[PDB]
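Residue numbering restarts at 1 for every chain, and letters A, B, ... go by the order of the sequence lines.
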Amino acid sequence: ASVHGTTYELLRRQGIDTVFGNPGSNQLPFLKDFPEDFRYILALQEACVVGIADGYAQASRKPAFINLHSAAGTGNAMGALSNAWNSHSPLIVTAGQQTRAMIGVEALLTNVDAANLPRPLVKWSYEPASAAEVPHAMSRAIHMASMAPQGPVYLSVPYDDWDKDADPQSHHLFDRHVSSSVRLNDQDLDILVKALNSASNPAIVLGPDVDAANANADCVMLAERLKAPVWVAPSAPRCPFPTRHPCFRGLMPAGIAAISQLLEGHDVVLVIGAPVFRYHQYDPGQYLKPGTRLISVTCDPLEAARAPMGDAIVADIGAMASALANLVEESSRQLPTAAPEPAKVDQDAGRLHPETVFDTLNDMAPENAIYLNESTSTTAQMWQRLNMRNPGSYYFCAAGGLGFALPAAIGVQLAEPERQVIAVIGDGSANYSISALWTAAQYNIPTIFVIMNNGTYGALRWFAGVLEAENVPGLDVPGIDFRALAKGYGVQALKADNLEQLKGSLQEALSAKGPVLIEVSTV
Amino acid sequence: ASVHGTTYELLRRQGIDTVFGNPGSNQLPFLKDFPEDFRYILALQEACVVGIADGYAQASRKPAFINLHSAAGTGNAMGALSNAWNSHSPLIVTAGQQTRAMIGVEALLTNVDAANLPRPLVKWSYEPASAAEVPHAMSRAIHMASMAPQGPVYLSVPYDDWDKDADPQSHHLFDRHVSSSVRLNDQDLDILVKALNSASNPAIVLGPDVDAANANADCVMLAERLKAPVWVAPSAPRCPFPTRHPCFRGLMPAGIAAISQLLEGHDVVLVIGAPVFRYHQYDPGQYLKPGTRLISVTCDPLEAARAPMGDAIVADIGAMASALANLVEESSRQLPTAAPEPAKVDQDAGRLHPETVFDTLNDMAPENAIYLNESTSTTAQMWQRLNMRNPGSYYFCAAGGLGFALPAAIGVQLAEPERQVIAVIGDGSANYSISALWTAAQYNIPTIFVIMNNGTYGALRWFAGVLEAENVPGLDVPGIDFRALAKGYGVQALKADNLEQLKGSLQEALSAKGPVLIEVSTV
Amino acid sequence: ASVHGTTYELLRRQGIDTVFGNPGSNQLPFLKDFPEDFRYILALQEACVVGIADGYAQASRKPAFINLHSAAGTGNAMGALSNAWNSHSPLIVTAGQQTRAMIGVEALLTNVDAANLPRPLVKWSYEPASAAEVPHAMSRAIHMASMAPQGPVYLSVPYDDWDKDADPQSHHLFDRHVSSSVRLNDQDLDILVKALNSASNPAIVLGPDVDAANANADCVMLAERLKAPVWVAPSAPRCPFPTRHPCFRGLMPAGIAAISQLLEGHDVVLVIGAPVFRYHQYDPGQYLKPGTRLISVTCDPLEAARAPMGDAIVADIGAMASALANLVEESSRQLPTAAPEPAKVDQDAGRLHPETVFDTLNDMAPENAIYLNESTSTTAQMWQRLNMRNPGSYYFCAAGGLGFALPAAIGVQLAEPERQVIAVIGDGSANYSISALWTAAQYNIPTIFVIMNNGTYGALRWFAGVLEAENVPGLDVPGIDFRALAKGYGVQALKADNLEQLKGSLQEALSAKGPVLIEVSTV
Ligand SMILES: Cc1ncc(Cn2c(C)c(CCOP(=O)(O)OP(=O)(O)O)sc2=O)c(N)n1
Ligand SMILES: Cc1ncc(Cn2c(C)c(CCOP(=O)(O)OP(=O)(O)O)sc2=O)c(N)n1
Ligand SMILES: Cc1ncc(Cn2c(C)c(CCOP(=O)(O)OP(=O)(O)O)sc2=O)c(N)n1
Ligand SMILES: [Ca+2]
Ligand SMILES: [Ca+2]
Ligand SMILES: [Ca+2]
Ligand SMILES: [Ca+2]
Ligand SMILES: [Ca+2]
Ligand SMILES: [Ca+2]
Ligand SMILES: [Ca+2]
Ligand SMILES: [Ca+2]
Ligand SMILES: [Ca+2]
Ligand SMILES: [Mg+2]
Ligand SMILES: [Mg+2]
C-alpha cells in the first residue's frame, strides 16, 4: 500500500470522513484519488477553513481534519488557531510541504522550519523524517488533538511522500483506542464530595469544557442536589447550562474584584471546566474574599497550574461531572429562585437597540437554535436575553480573536443540520472572515447571519471612553454594504432598518432553504 | 517624558510617520493622543494591514510600521509575513499585549509566549522586560528591519507600558544612523571585475533586491558594458530591469534543468540580488552545465549559504551594482539584440484570453504604471506582454502566498501617488484579502483592480493535469460576483465580458478619481 | 558516491581536517572509515569537546568541526555554546541522530525536535529531510558558521543517512567560495574619514572581533595616525592591541557611568569590533557625556541594533580596519604617552598575591606566550601586568561561562604549537571542565595550567560584600587537591605555596615536554 492509501484508511478507521481545506500544489498528491467516502469542504481563505472546521469540531464533539498550503496557508490560519487553542478544539491541521528533494534549496512553497510556524498555538507540531513515517505521525496527530485537554495539532508533509510505499506494520495504527476518560480516585473523590455536602452556601461556576463534554445535564443535577447558584465563567466560549433553569445566574464579569465580590459569602465555590479565571478588564482587588474556598476541576494542567487561588483536580470533565452529580447528597436547603426576565428596552420606529434584536431572536427562533456571538459590545445583553435550554447552543471566539463566528457558524450548521444556526456578528467583526459566506452558498449550509451594523468598533469606542483616551484613530468602519457582500458570495440578503423589517426579515430567513444574511441597522 | 512620547519621537526621528493598523484594546494606550503629524491607515483584517504596509515599504524603499492586536491579530497576518520574509520587506510589526499585571493568569487577550508566535518569519522578535526598555526595543526593531538583508521584525508591548516614565537616556536613540551600505574590498572586487572582463560569453541574472535597492539603472550600465543578456531570476517578486531593453531576456523558468540548459554556453553567470535559485516545479537535472561558472552577489547570508553552486559575495546590492557598473571594461562584443514582440493571440468577440488583457493594458496604461500580479496561471504571458521601463513597476507574492497583491496594490499606490497602479488578480486570489478594498475606498487611494475571472484555480487545474492527478476536489470557485464585492466595500465596479467592454472599462477606470474594480471574463 | 564519502570530500575541500568529538552509536556510521588525512581529537565530556574546538577556531581564525552524541551530548555542550555565541566563534556542531526508521517511536537516543535544542545559541540549526540532502546541509553549516558575524551552527544527522547514495550534483558544493569581506562604500567611508581627521580629541575602543580578524596591526597604525588613546571594550574576550604600546589604556570598566566618565572630553569615539557595550555591573548614569559622539564599526547586525547610542556601520572588521588605517591623515598632535608600569605589591614568604603571580608570569614567559583567563576576581590585575605584544595572546570566556579556559587552552595550544599557552584558572573555575586535562595528556599538547587556589568563589564573595548580602550559601570550595586531579588525568603536577616555589615550578613547566599543572596557593 502507498502512504496515501494507508493514511486515508487510518483517518477512516479513526472516524474522520471530512477534509476542510484550501488546496495548493504541495497538497495535490494528497488530494488526488480523493476517496469517495470522504467529503471535501472548500473555503476561500485559511482563516475561514479553520474557523469552519473549528465550529464543526466543537459542535460535533470530535476531531476535525484540515489541509492547508505550506507556510502561507498555515499563516493565514494562525488567528483562527489562537481561538482553537483557548477552546480546546480538537483540530488536526495538516499542511503540504515541498518535495524532499527541493527543501534544502528553499524552493518556492517550502515551509521553512515548519514545525515551529504554528507554535505556541498547538499541542504538538511535527514534520516526519521519512515518507513511511507519515501514517504514524498522522496517528500521533489524531490522538494528540483528541486526548484531554483537547486542542489543535500540526503536521507538515512533503508532497513526494504520499506515493511512496507504506510500512505494512502501519496496520497496527488503524484501530488504536486511546482514552483520557478519567476521574479522581475514590478516596480523594469522597473527600471532595464530603466538602461539597458540608458547604453551607456553595456556588458552582461552569466553563466551556462542560459543554464540550456534554456534561451540561450532569451539572444541572449537581446544582439541583447542592441547591447551588450557577454562574458561567467569564469570557465564555460556550454555554454550559440552561439559561432559564432556576439556579442559573448568568455570565460572570471578567474582573478580579467583580468576581470576588460576586462570590463573597459562598463558603465553597466549585469551578468545573473553566480556567480560573479568564479575566479581561483590569479590575484589581482580591482574588477571593475571606471565607471563600475555591475548588477547580479542569481538563488542562496549564489551567490548574496558573490559577492564582484554590485547589485543583486535573481530570476529564465528563467523567468528573457524572461522578459528582451521582454522589453528592440532596441538600435540604431551598432551590434557588430563577432570575427574572430582563427589561424591555424602549424602542421607537427607527434603528434597533441590540436588546430589541436579541428579544426578537428569542421570540422567533426555534427552541433548539444555536447562536454564535461576535457582536462584541452586546455580549452581556445577549446572555441575558436568549433562552438556551439545550447543550451546544452558544459559541464565542475563545481567544477574543475576530473572524471566528462567521465561518464557525457554517461548521456548526454542518454539524447540526436539524438545528437552526443564527450568528450575531458586528459590522466590524464580519469583515475578518467575510469570504466564508461563499462556502455556505456553495454547499447550501443554511446558516442565518445577523449583521449588527452600528458603523463602529463599538466595544473599542466604549473602552476608549472608560480610559478617557482622546484622539484614538481607526475606530469607525463606515461605508460597508453587507447585502452587496452577501450577493457577492451568493447568499440571499435582507435588510432590517426598524423592528417591523427585522421581524419580516427573520420570518423570511427562518423559512428559507439556504443561508441568509440580514443587515440590521443598530443604534 | 512617557514611554508613549519617547517612542513616537523615536519613530519620527527615524523617518516613520504612518501607522498601518487594525485597532484593539491592548493598543489603545499606544494609539491615544495619536500625534497630529502621523497618519493612521486602517484595514479591516490583519492580512490586509500587513499587505498594505508591505506594498508601501517595497515601493517607498523604507521601513513601514504596523500595529496589531495581540496573538489573534498577529496570527491573522502570518501568511502576509511569509511573503514579506521572502521579499526582504522592512516591516516593523508591533502587537499590543495585556497589562503586565494580567499576563501571568493568561487573561483574555494575552499573547502567550509572544516572541515565538511569528517565528520563523521574522529577523528578530521580542517582548521587553520593562516599560522603560520599550523605546530601546523599538530602536532595535527599526534597525533590525532596515539593515541588509531587510525583513520583518516583531515587538510585543504590554499596554500598561506606554504611560510609564521613560529613561531620559533614551534620547541617544533618536538620531542613530546605522549603515549596511557595504561592498567587497578593493582587492577582491578587482579580482571579480577581471573575471567579468575576461568572460567570453557572460550572462547576468537579476533578482528582487536589485529593484529594492534601485540598482536597476546601474545593472543596465553593467549589462551594456559587458554586452550581456539579462534574465530575471525565477519566481520573481519584483522587476529589476527594463523589459524592452535590448539585453532583456525575460523571466527564467523555475526549474533546475531548465535553468542550466538556459545558461549552457555562458562561461560566467553573474547573479545579483536573487537567491540561487527560487525554483518551484520539480525539474531534476544539473545545477549548471560543464563550462558555466556562477558568481552570486546577495544581500543575505542565508541565500549565500544555501546556493547549491557558485561563489558568493554577501554585500549591499546598491553599493555592489554601482561599483561593478563603473569598474568593468566596455566589451568589444556586439550588444545583444532585443527580443521580438510577442504574438497576438486570436481573439473572438467572447471571453478574453489573458494575452489579450495584458496586450490591452500595455496599450492603454501610462508608461509609468505599476503592475501587481496575483493571476497565477498567466505569469509567463504577463512578463512577455508588459513594457515596464521604470524601476518599481512589478510586484508578485514573494513566497507564493495569495492575498498579497490586492492589499499591496493599495500600499504601492499610497507610496506612488503619481504612478497608476494596476493589480491583475485571479478570481481565486481575490478572495484571500478581499476586505482590503475598503481601505482604498475610505482613503480614496485610486488603485485599479483587474479581476481575471475564469471560475477556477487554474494554475492548480493545470498542475493536476501535468500530474495526471484524477479526482482532485476543491479546484473550482464558481458563483462569485466581484462587482457586488466591490460595491460592498465602496469601490466603483465595472465588468468586461469581451474586448470592446475591456477597452471601455479601462478607459473609464484610467480617468476615474478613485479606486476601480473591473471584473474580466477570461477563458 | 555515498553521503559519507561526499561529505568528507566537502569538508576537506573547504579546509576542514580535524574532528573534535566524543563518540556515540548514532555517530558510528559517520566515524567509520575515518579518512587517513583527518585527525580526531577525543575529549571526555562535550563541554570539553566544544571548548577545545572553540580555542582551536579562535586561535586558527578558521572554522572548527565538532561531532557529538544526540540530545544529551549536545546538551552537555550548551554552556560552551553560550561562550562561542558571544565570541563569534565559527563552530560547526554536528550531532548524531537515530535512524530515520526509529525517530517516530522516539527510540532511545532520538534527539527530539533536534533543531530547537541549541537555540538561541546558534546562527542556524537544522536537520535534513533526506539523506541525499546531508552534503548540502553540511555546506550551509560551513558557510553559515564562516560568514560575518561568525558563530556556531548546528546540524543533526540520522545515522542511516551516511551509507546512502549521494546526489552526484553535490560536486558543485566542494569548491564554493563565499565572501563577506566587505567595507563601507567609498562616499560614506570618505565622510567617516573626514570626521576622524576633524576630531580634536579622538579615542578608539577595540573589541574581540579585531583580534579575530587579525586587524590588530592596522588598528595600531590607525591609533598612531590619529594620535588617539586606545581602550579595550569591557568584558574582553580577546586582546586586540599591544598592551605596552604608548596609546594603550587598558580594559574599560564594565559599567555605564564609568565608561561615559572615561570618554568625557573625547569628541569622537571610534569603536571597532565590539558590542556597544558589554557592561556587567549595574552602574547607572549617562551612556555618553555631552560632547561625545560615538561611531561603531561592528561585524554583527545584532550589535549595531542594540547599541543604546551612536552611529554604526556593519561590515567586516579586517576590511574596515585596513581601509581606515590607510586613509586617515597623520595628525599633528603629540602621540599619547605610555601607561606606567603597575606597582609591585608587597609579598612575604607565604601565600601568593595574584599580582605576584602575574608579574612572575610576565617575567618568565616567552614574549609570544598566549594567556587564558578564568580567574574571575583577578582580571583587572592580569590586564595590567601582562605585556602581550602579539595578536592572539589572550582569551576569556566571552559569555562569562566558566568551563571555557581549561579546554580552550588545549585547543589554542593545538592551533599554535610554537607559542606557549598559559591558562590562569581559579580553583572554582577549574572544576567545570576538569576532564579536558586528559586530552592534553593523551595528545601531548603542552599547555601550562596555573590554578589560582584561594579556596573560594572570590568574585562572588566580593560581590556579596558590595551588596552587603548576608547569609549567602555556597561560596566556598575547600578540599580540592589539584595535583591529584592532574595525576588522575595523566598531567604532570607541581605546587607553589610561596614565590620561591612559583619560580621553581614555572621554570620546570616552561621546559617540560608535555602539559603541566601548577597549583598555586593564593591569598
Ligand atoms: C483579530 C482581531 N483583531 C482586532 C481585535 C480588536 N477588537 C475589535 C476590532 C473589536 C470591535 C468589533 O466591532 P464589531 O462592530 O464587530 O462589534 P461592536 O460594534 O459591538 O464592538 S472588539 C476587539 O477586541 C480582535 N479582537 N481580533
Ligand atoms: C495562501 C495560499 N493558499 C493557497 C495557495 C495555493 N494556490 C492556489 C489556490 C492557486 C490558484 C489561484 O487561482 P487564481 O484564480 O487566482 O488564478 P489562476 O486561475 O490564474 O490560477 S495558485 C496557488 O499556489 C497559495 N499559493 N496561497
Ligand atoms: C557556568 C557558570 N556557572 C557559574 C558562574 C558564576 N560565577 C562563579 C561561580 C564565579 C567564581 C569563580 O571562582 P574562581 O575560584 O574560578 O575565581 P575567583 O576566586 O578569582 O573568583 S565568577 C562567576 O560568574 C559562571 N560564571 N559560569
Ligand atoms: Ca419575549
Ligand atoms: Ca452531526
Ligand atoms: Ca460595530
Ligand atoms: Ca500593442
Ligand atoms: Ca512616496
Ligand atoms: Ca482563476
Ligand atoms: Ca617585571
Ligand atoms: Ca596552526
Ligand atoms: Ca577562587
Ligand atoms: Mg511561531
Ligand atoms: Mg533550545
Side-chain angles (χ1 to χ4, degrees), chain A residues 236 239 243-244 248-251 253 338-389 393-396 405-406 409 420-430 447-466 475-486 492-512 516-523:
Chain A
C239 178
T243 67
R244 294 287 181 278
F248 187 74
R249 289 297 173 266
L251 177 68
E341 245 353 279
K344 333 195 98 208
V345 177
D346 304 343
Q347 178 66 73
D348 70 9
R351 302 175 72 93
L352 294 149
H353 295 281
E355 295 89 344
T356 305
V357 178
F358 295 122
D359 288 353
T360 301
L361 285 172
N362 187 62
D363 291 345
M364 297 183 66
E367 299 194 10
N368 65 350
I370 302 168
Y371 300 94
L372 293 84
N373 176 18
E374 203 164 282
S375 174
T376 40
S377 66
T378 60
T379 297
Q381 290 303 317
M382 184 175 191
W383 268 98
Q384 289 175 43
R385 293 172 183 282
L386 302 180
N387 183 177
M388 300 182 288
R389 297 161 182 79
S393 298
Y394 180 88
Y395 302 88
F396 164 86
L406 202 160
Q420 180 61 63
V421 178
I422 307 173
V424 181
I425 302 166
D427 57 320
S429 290
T447 305
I448 298 168
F449 305 89
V450 175
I451 313 305
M452 303 287 278
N453 189 354
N454 53 21
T456 189
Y457 287 143
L460 297 185
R461 270 189 173 288
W462 178 90
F463 271 103
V466 312
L475 302 193
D476 298 320
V477 287
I480 308 173
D481 180 344
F482 294 93
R483 288 192 288 169
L485 295 176
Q492 182 176 4
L494 303 168
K495 215 188 206 213
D497 286 339
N498 56 38
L499 178 60
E500 162 179 355
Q501 292 180 10
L502 175 68
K503 290 175 189 311
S505 292
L506 284 168
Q507 277 193 80
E508 178 159 346
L510 286 166
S511 59
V516 180
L517 180 145
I518 308 167
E519 184 182 329
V520 183
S521 302
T522 58
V523 297

Would a 4.5 Å heavy-atom cut-off, applied to side chains only, mark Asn373(A) and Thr379(A) as touching? yes
Nearest heavy atoms of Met388(A) and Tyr371(A), plus distance in Å: SD-CD1, 4.0 Å
Give the intermediate values and the outcome of side chain to side chain contact (heavy atoms under 4.5 Å, CB included) for residues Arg483(A) and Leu494(A). CA-CA 7 Å; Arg483(A) 288 192 288 169; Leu494(A) 303 168; 5.8 Å; no
Would a distance-only check, ignoring hydrogens and angles, find a side-chain to backbone donor-acceptor pair under 3.5 Å from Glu374(A) to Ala405(A)? yes
Are any non-hydrogen side-chain atoms of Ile422(A) and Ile370(A) less than 4.5 angstrom apart? no
Of all residues at least two apart in sequence or in a different chain, which pass the side chain to side chain donor-acceptor pair (under 3.5 Å) check with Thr360(A)? none
Test side chain to side chain contact (heavy atoms under 4.5 Å, CB included) on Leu506(A) and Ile518(A); report intermediate values, then the result. CA-CA 8 Å; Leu506(A) 284 168; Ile518(A) 308 167; 3.7 Å; yes
Under the 3.5 angstrom rule, does the side chain of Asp476(A) hit a backbone N or O of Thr456(A) as a donor-acceptor pair? no
Run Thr378(A) and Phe358(A) through side chain to side chain contact (heavy atoms under 4.5 Å, CB included) and show every step you take. CA-CA 10 Å; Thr378(A) 60; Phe358(A) 295 122; 3.6 Å; yes
Under 3.5 Å, is there a donor-acceptor pair between the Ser521(A) and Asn453(A) side chains? no
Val520(A) side chain near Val450(A) side chain, heavy-atom distance below 4.5 Å: yes
Under 4.5 Å between any side-chain heavy atoms of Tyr394(A) and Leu386(A), yes or no? no
Taking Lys495(A)'s backbone N and O only, do any of them form a donor-acceptor pair with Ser505(A)'s side chain (distance below 3.5 Å, no angle check)? yes
Should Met452(A) and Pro354(A) count as side-chain neighbours, where that means a heavy-atom distance under 4.5 Å? yes
Side chain of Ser393(A), backbone of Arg389(A): donor and acceptor closer than 3.5 Å? no
Which value, rounded to the nearest 0.5 Å, describes the distance between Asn362(A) atom CG and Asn387(A) atom CG? 6.0 Å
Do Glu508(A) and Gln492(A) have side-chain atoms, one donor and one acceptor, less than 3.5 Å apart? yes
Looking only at heavy atoms, the pair that brings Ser377(A) and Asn454(A) closest together is OG-ND2, 4.4 Å
Fit a plane to each ring of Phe248(A) and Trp383(A), take the angle between them on a 0 to 90° scale, and name the class: parallel (under 30°), tilted (30 to 60°) or perpendicular (over 60°). parallel
Rounded distance (nearest 0.5 Å) linking atom CG of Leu361(A) with atom OG1 of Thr356(A): 11.0 Å
Shortest non-hydrogen pair, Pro366(A) vs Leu510(A), comes out as CD-CD2, 4.2 Å
Non-hydrogen side-chain atoms of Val516(A) and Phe449(A) separated by less than 4.5 Å: no
Can you check side chain to side chain contact (heavy atoms under 4.5 Å, CB included) on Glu355(A) and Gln384(A), steps first, answer last? CA-CA 9 Å; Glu355(A) 295 89 344; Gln384(A) 289 175 43; over 6 Å; no
What one should report as the nearest heavy-atom pair of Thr447(A) and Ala409(A) is OG1-O, 3.2 Å
Nearest atoms (heavy-atom pairs only) where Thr522(A) meets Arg351(A): O-NH2, 2.9 Å
With a sphere of 6.0 Å drawn around CG of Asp346(A), does it hold more than 12 non-hydrogen atoms of other residues, nucleotides or ligands? no
Report yes if the side chains of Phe396(A) and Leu372(A) come closer than 4.5 Å at any heavy-atom pair, otherwise no. no
Is the closest side-chain heavy-atom distance between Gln347(A) and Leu352(A) below 4.5 Å? yes
Minimal heavy-atom distance between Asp359(A) and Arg385(A), with the atoms involved, is OD1-NH1, 2.9 Å
